[PDB]
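What follows is a set of notes on a single structure, which appears directly below.
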Amino acid sequence: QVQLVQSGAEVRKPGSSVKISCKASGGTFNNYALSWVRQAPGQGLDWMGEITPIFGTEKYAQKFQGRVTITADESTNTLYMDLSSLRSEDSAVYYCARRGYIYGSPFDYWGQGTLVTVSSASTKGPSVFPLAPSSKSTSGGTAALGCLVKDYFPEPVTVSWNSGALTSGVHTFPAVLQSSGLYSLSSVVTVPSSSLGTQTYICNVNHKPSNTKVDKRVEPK
Amino acid sequence: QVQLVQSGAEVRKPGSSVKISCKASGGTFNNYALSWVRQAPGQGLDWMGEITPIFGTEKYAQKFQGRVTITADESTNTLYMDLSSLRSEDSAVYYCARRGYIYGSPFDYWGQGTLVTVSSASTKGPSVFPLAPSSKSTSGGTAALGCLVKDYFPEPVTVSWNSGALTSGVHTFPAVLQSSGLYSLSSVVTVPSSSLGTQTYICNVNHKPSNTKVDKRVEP
Amino acid sequence: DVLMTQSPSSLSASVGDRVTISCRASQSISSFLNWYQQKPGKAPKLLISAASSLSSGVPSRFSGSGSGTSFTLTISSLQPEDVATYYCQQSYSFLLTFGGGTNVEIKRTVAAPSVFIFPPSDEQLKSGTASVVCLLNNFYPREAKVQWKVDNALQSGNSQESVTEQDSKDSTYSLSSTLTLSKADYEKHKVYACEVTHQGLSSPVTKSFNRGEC
Amino acid sequence: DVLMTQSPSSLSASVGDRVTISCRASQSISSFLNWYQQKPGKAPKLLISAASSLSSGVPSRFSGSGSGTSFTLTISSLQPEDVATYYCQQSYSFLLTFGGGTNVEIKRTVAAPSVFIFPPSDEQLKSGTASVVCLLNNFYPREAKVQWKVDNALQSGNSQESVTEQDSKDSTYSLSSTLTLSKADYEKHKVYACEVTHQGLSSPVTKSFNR
């Protein structure tokens, strides 16, 4: 209500179903209309359907009729979307969106989104390599330090630095799909070279699908 | 030998109109009365109306007065029906039927029928999958082979075997409407197991609403 | 309008039986009464016009009688290919009307079904879905039950069935039942079983396969 | 169904410029037109509802106008934090529909990239692949040419690039280019160089190491 909090990233095989939750954290779904909206890679917002619990009504976009069920559970104060017979094309970010039950109302509250990947490819955890600058590179007063997160499936990986402490001048690049069918990304921080003397620089990599949690300290070579 | 050949099955949105044609081959509509008759699923024949071009007359059943219009183009030997303001209740097979101009005549020629589906859903062609036994199932002496014609809209699909050379022992089942709102159908045939070794078995599937034509060899 | 009423609405008879169906008009229609035969998914076929005149090609086991308000169609010796719905229709009044139909069904000796089970095709599994099919072939009577079991767990809500019209040669039925799972759920279990209940089987017959060919 | 069409598909302007985005409906939607802001991998945020009603907390530099089939969103004073995709959406018909989006970018003074090169880690080389990385930091504009040379042999079809979202504060981009080689191929060569061409640099900048 104050905050729509969705379930974490999901990976499914084609033909399977996915159930995504949306918890009205510190509020309710009473006398609201609850929609699901998706955003496929590099595409726009696509409205899937809506329920208005108070009226016992539900409706879907024609192209999702027979594929999607939206259910609200008062007990858990949770809205669910179940998408069945998944295909590659259903790989997207799914958002819950709340609006007042009244005709014409706008979506004033959105969930953070849930990434769904639909693929028959096997889950595989990443190999994490340091991106270590030469001493010559750092001699100019700036140290570019990074971690290469290689050969994983599926998205996402999360990368932090110093377990949350370093955010300014962190660039975590969008993942690239390689010709192998595996993703890679890099995350780099650029810091004054002298800071290598006064603190550690540790990249924290989490790949939840493979239960991978890796920390790597990065130093110049 | 006159044959009345109707236009294909189609989906139409609620509130739209449908125009169906009926073409006389080996004959004409020039000295005949021309009726349309419909059959809603699992129901009886329901007479809609008739025109007699030779006498310039027309008549319509009270339950279709206004909504159905029947016309003829003798120059192309073609009869039409137009039904407007379609509702789900109008989903049905529509038949043209020809009879003599003379008072009291019976319907001695009928078209093959046209299935109109009133729905907001899109046309979708099927996927065709083989139904074949576990190899040990053939060790018995009778082999059942089939094709599963999955996820199409609207009805209907046609299934032949070996381009219509194989008819004995064929069972093409009624379509079932899945929870997805798409249809699925199976066609099966039983053959001597040994015939698996000496010829091909191919199912010929046609879904005309989507122009989907698939031939699928069936192999255990 | 002239209202046409047929009786009975359905009947069951043995091969070689004399079958009579009735058609009554709400007003006198003289001799202008026609009979059509219709098989499922086929156009109606004219059998008799002017109450009693057989169309060319119609076998003489078919006859029609009556005039005014009361008509009958008779099959002197019911044959397997006579299974159909029969419709009367008046051509006396300008607004033509059909009777509601009479379904003619055959009764015959009980025949237990042959049973075939089909694993999903590799082609369908490659797409992500597993349709498992059970065929009950050439049985009588029509009433039959299929239950699906996956590693002995009774399945509910994930199957659908269809039944053929009564066969024009042998008066039997066939039934297909399709169990639909995701490939991911299909790969979690080993034994796929179709349990068949029918009058011709003193105890249900179960056919199975083992996924991966166990 | 109502089809919502946005114009232009993208725009770039300077901080403080007034910019407008158009939204047209295929049929009259009365007042029932909403505008959202979305940053990449973030939830959309409601800006404007009922054509012209500003959501609480939204800066006054956002406004909306129109009715029927023609609507506009105006930003009177474009700020670096306004870089986003903006979507219109009709709430008139039974089945809701969005416009296709307008991508808003900031124009600022040219900034050349700071360039860094990373050899493959000894850790990676053990497992038989060599990833060489070139980093371009904090540059504007977006367009940049990154070429890989191995012993002066220009490399083809064995590199991939990734780019950051335009920075919400400084309006710059950063870019990574990754060269992938077998360990066998990497060990056969000495000079690894990434050559960068960009509008901020008088001559191409090359960063290199000897294996």
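Letters A, B, ... are given to chains in the order of the sequence lines, protein chains preceding strands, and every chain is numbered from 1.
The distance from the CD atom of B:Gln65 to the CG atom of C:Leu95 is 7.0 Å, given to the nearest 0.5 Å. Rounding to the nearest 0.5 Å places CH2 of B:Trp47 at 9.0 Å from CG of C:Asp1. Rounded to the nearest 0.5 Å, atoms OG1 (C:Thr129) and CG (B:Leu148) are 10.5 Å apart. The NZ atom of C:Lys207 sits 10.0 Å away from atom OG of B:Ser134, with the distance rounded to the nearest 0.5 Å. Taking CZ of C:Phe118 as the reference point, atom CG of B:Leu145 lies at 7.0 Å (rounded to 0.5 Å). Atom CD of C:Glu161 is separated from atom CZ of B:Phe173 by 10.5 Å, given to the nearest 0.5 angstrom.
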Test C:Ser114 against B:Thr142 for side chain to side chain contact (heavy atoms under 4.5 Å, CB included), laying out the working first.
CA-CA 10 Å; C:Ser114 298; B:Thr142 299; over 6 Å; no
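Other residues, nucleotides and ligands place no more than 12 heavy atoms under 6.0 Å from the NZ atom of C:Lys149. Counting heavy atoms of neighbouring residues, nucleotides and ligands inside a 6.0 Å radius, atom CZ of C:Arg24 does not exceed 12 of them.
Nearest heavy-atom pair, C:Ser91 versus B:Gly104, reported as atom, atom and distance to 0.1 Å: OG-O, 2.7 Å. Of all heavy-atom pairs spanning B:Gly44 and C:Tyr87, the tightest one is CA-OH, 3.5 Å. Between C:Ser121 and B:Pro130 the shortest heavy-atom distance is CB-O, 3.5 Å.
Both the backbone and the side chain of C:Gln124 come within less than 4.5 Å of a heavy atom in chain B. Only the side chain of C:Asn137 comes within contact range of chain B, judged by heavy atoms closer than 4.5 Å. Of the two parts of B:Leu45, the backbone and the side chain both hold a non-hydrogen atom closer than 4.5 Å to a non-hydrogen atom of chain C. Proximity to chain C (any heavy atom under 4.5 Å) is restricted, for B:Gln43, to the backbone atoms N, CA, C and O. Of the atoms belonging to C:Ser174, heavy atoms from both backbone and side chain fall under 4.5 Å from chain B.
Residues satisfying the side-chain contact (heavy atoms from CB on, under 4.5 Å) criterion with B:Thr57, sequence neighbours excluded, are B:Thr52, B:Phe55.
Looking only at side-chain heavy atoms (C-beta outward), B:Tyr95 and C:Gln38 come within less than 4.5 Å of each other. Two residues are said to be in side-chain contact when any heavy atoms from C-beta on lie closer than 4.5 Å; B:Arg99 and C:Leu96 meet this criterion. Using a 4.5 Å heavy-atom threshold, the side chains of B:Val37 and C:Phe98 count as touching.
A donor-acceptor pair is defined here as one N or O able to donate and one able to accept, closer than 3.5 Å; such a pair exists between the side chain of C:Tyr36 and the backbone of B:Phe107. Between the B:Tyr103 side chain and the C:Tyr92 main chain, a donor and an acceptor come within less than 3.5 Å of each other.
Side chains of B:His171 and C:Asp167: a donor-acceptor N/O pair is absent below 3.5 angstrom, by distance only.
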Going by atom type alone, with no hydrogens or angles, which donor-acceptor pairs under 3.5 Å involve a side-chain atom of residues 181-192 of chain B and a protein atom two or more places apart or on another chain?
| residue | atom | partner | partner atom | Å |
| --- | --- | --- | --- | --- |
| B:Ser187 | OG | B:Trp161 | NE1 | 3.0 |
| B:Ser187 | OG | B:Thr172 | OG1 | 2.7 |

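Interface remark: of the candidates B:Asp46, B:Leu115, B:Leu177, B:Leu177 forms the most heavy-atom pairs closer than 4.5 Å to chain C.
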